[PDB]
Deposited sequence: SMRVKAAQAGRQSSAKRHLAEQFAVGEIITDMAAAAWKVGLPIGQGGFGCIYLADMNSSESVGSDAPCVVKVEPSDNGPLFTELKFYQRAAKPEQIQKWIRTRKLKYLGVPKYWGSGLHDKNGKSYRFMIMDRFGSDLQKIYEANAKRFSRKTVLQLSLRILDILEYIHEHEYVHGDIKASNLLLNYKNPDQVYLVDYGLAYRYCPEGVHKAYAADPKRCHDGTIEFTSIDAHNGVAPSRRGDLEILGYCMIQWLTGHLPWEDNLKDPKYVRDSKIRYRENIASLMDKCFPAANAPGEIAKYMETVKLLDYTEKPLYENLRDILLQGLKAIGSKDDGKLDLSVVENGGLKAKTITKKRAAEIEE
């Protein structure tokens, strides 16, 4: 159903003017439309923005909007890129938000960057494998994103290929989306206690042991989720993938494989052929306490030794 008239001009809270175009991806992702700056020209298929629209009473869009307003300000992101000497940062840029009435109902809208394909479509097109080169290059950039959001008091809790999108104009740049169930683990620098939060489940195959135990996600959980993603991307499989309707089984399997990472490597890889950097990554994440700040540069260094081992380097090429 129609939130906007096609081609309509909408003004955000900061009085910036935008034009609304057609819904994205045959309406497969819900109420998300192409958007551009207000101009005499119609919004084309090459629009640089999207507008997401939900009823004002939608909890997830409010959570997401708050994350975006607090940590995705364009200048704020650019400053981080400059000061950390990054090529880019995969955190979508926030362009504005407002309230829009239609048919006597109140809607919230948010203007964000427009990306290309999600990684899950590309993964499936590649018979559910990424090369070691691709996985190490993806994971280095996701460690940059996680360090960023963690340093801005948030954890994502749901890293996966469907939440990773390529830059529309650059296929070597990957961005992490979906902050609707993101968790502010450290409001004003005070870490949440090890307990439930009045609900961040995550995706069952990739979620953290912390999440399965019913506690609020923290930084170690995000790094654990990326670990499971890396194995899924390399091998096409996870050991517990046939028992995804039994959370108890999934949690039990993850707990057992955390206690014995050698047995996880033996299970997931051909005998005697497991990538050492994946094992070292999981061993390092296992050592994190619930409230502990990760050493993100140590984790990047572990993955860089992986690139050295295959005769490569971090040249920012995702090889997709």
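By the record, the deposited chain contains unmodelled runs at 1-19, 218-219, 342-364, with no C-alpha atoms placed there.
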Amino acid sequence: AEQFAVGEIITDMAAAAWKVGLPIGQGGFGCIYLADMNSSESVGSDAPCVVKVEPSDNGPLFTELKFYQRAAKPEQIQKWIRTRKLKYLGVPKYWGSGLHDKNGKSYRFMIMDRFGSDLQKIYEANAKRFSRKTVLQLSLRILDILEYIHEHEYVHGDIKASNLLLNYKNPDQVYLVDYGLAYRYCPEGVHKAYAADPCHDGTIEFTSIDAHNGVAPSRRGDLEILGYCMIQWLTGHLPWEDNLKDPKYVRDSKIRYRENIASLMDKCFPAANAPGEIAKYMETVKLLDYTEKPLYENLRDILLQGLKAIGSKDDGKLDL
From here on, numbers count along this sequence of modelled residues.
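The term rigid core refers to the most C-alpha atoms you can superpose between the two forms while keeping them within 1.5 Å.
The segment moving more, judged by mean Cα distance from this form in 6 other deposited structures of this protein after a core overlay, is 199-207 among 199-207 and 236-244.
Compared with other deposited structures of the same protein, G306 does not meet the criterion of being unmodelled in at least one third, since all of those that resolve residues on both sides include it. Across the other compared structures of the same protein with both neighbouring residues present, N58 carries coordinates in every case, with no third of them leaving it out. Set 262-270 against 23-31 and average the Cα temperature factors; 23-31 ends up higher. Looking at mean Cα B-factors across 89-97 and 187-195, the upper value is held by 187-195. Among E224, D172, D178, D210, the highest C-alpha B-factor in the deposited entry belongs to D172. Per the PDB record, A127 has a higher Cα B-factor than any other of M110, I149, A127, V135. Sorting the modelled residues of the chain by their CA temperature factor places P74 in the middle third. Among the modelled residues of its chain, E54 has a C-alpha B-factor that falls in the middle third, as given in the PDB entry. In the PDB entry, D36 places in the lowest third of its chain by CA B-factor. Per the deposited record, the Cα B-factor of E277 falls in the highest third when ranked against the other modelled residues of its chain. Among the modelled residues of the chain, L295 sits in the highest third by CA temperature factor in this PDB entry.
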